[PDB]
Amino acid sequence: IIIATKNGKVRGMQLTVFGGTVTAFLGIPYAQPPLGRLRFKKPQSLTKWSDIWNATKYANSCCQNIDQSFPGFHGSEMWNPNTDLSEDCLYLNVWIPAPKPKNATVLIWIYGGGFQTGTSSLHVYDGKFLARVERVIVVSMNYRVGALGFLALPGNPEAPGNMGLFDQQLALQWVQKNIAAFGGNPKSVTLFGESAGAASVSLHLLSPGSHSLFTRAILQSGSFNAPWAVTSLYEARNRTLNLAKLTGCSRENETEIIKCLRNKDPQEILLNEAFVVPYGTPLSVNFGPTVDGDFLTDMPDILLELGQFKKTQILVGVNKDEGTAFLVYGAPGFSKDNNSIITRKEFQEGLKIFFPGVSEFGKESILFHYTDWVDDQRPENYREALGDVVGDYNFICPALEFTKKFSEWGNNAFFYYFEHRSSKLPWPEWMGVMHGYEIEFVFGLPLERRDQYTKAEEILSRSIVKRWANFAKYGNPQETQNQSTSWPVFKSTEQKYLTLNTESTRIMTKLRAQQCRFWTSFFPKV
């Protein structure tokens, strides 16, 4: 229960899971805390320690703004940090099976949160279930988000950008140098992550400095080519400058601006973070990944287009109702507390809220493609169209387009379509299979019979956990034993994908074909 790592000894605790035992090491540091002179700069390597580090409770989450749009509502506070915020937050967790394995496949979790929110300590990211049931090692890390994590004055190492991504990269390095001690195979490592986490995994596939730190990759409702995932260098400047005047730190020696930003208090930096976007949307990414010339050598859509990425297998997928969650954070006429029937005019105003800097014609073109009903009199028509608009634009079509382009360079790719709504889901029914609500199935939570998941859900989670582990171990997401529908590879020709649900696992072709031609060919032009 003590492990000797490159930098010192760490003590963990033993857990009782499913009449078995999993060893957890919660909150191992992987970098010098980025305080003081180090705020905004790349993570610096951790140097030796004395004693036995006591890795028995989750560490501090990184500084971030909390979602207080629904106080006391579990559906949204389940995503708020469940641990003290602090700039001193660069820590990671390890869950190894007991008895200690010998050469276990490592699964590495990167959480989402629009690059502004997130912590590895959330209940639905607990890795003990996967360690128990599939005997993989599970690793998750905290990385700097928002301005502390992605503030950029490009080239200037005082705030170069992509620091949070470099946090992640530094944890991957740590698994490379230390996981064998824990019983893990450094040579068999799968990144997986969700939303902004998944966009992070995709960018690790492009970033040469990560190519040797993992082998395979899983992307859950996310990819770098999503319209929210990369901040432009034009915008990155506009936004750190807007933070400078907002804290009365405007200068002209650009370095003296950063030094001034280093004497502000985290919450005063947290505070003015919100208003840097001229017109915000529920999908706004105030401070995000930039083309920094260090982590990202070029605009990523071009690296993808030109085959410049790690050649390996990918598992990619999205949920049926990605877009609904965001409607109740700004869309007029919407609420988690009713069925949110809106009218044609409320829909049009909702586009103004989701596509603010977009021409009158572009918004008219969105309405035209999504409002040609079978059925004019259906009252939910506009309500469902605006959910689909946001979901297809922000998640589904980019995940599909990433998967085509990646597979066109010869690697195996597997696409799923999660369409089960969780029986415990706290948001209303009209919101459907929401953004984020497959994580708990991936992580094995329905396997706890003691927490009110239907039996169908238990089996579904059990099959998903198997398929995910078989992808991690063997590059092939099959469940080979219980006579399950085979999961075909995704090719740019066929475009076969696998649906995931409790009734029927079907193989279908060309998800959202007509919707995605609009988004990824026509719409980028207006």
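Each form is matched to the other, and the largest set of C-alpha atoms that superpose within 1.5 Å is called the rigid core. In case it trips you up, residue 1 is the first one in the sequence shown, and so on.
I'd like to know which segment deviates more from the shown structure in 4 other deposited structures of this protein: 452 to 460 or 271 to 279, using C-alpha RMS over all structures and residues after a core fit.
Between the two stretches, 271 to 279 moves farther in 4 other deposited structures of this protein.
Stretch 231 to 239 versus stretch 437 to 445: after rigid core alignment, which one is farther off in C-alpha RMS in 4 other deposited structures of this protein?
Between 231 to 239 and 437 to 445, the one lying farther away in 4 other deposited structures of this protein is 231 to 239.
What stretch has the higher average Cα B-factor here, 152 to 160 or 125 to 133?
For C-alpha atoms only, the mean B-factor is higher in 152 to 160.
In the PDB record, does 452 to 460 or 195 to 203 carry the higher mean Cα temperature factor?
According to the entry, 452 to 460 carries the higher average C-alpha B-factor.
Out of 311, 259, 320, 363, residue topping the C-alpha B-factor column of the entry
Result of the comparison over 311, 259, 320, 363: 259.
Going by the entry, which of 83, 238, 76, 188 has the most elevated CA B factor?
Answer for 83, 238, 76, 188: 238, with the highest C-alpha B-factor.
If you rank the chain by CA B-factor, which third does residue 24 end up in: lowest, middle or highest?
It belongs to the middle third of the chain when residues are ordered by C-alpha B-factor.
So where's residue 58 on the chain's Cα temperature factor ranking, which third?
As the PDB entry reports it, the C-alpha B-factor of residue 58 lands in the middle third of its chain.
Lowest, middle or highest third: where is residue 430 by Cα B-factor in its chain?
CA B-factor rank for residue 430: middle third.
If you rank the chain by CA B-factor, which third does residue 281 end up in: lowest, middle or highest?
Middle third, going by the recorded CA B-factors of the chain.
How does the C-alpha B factor of residue 30 compare with the rest of the chain: lowest, middle or highest third?
It falls in the middle third of the chain.
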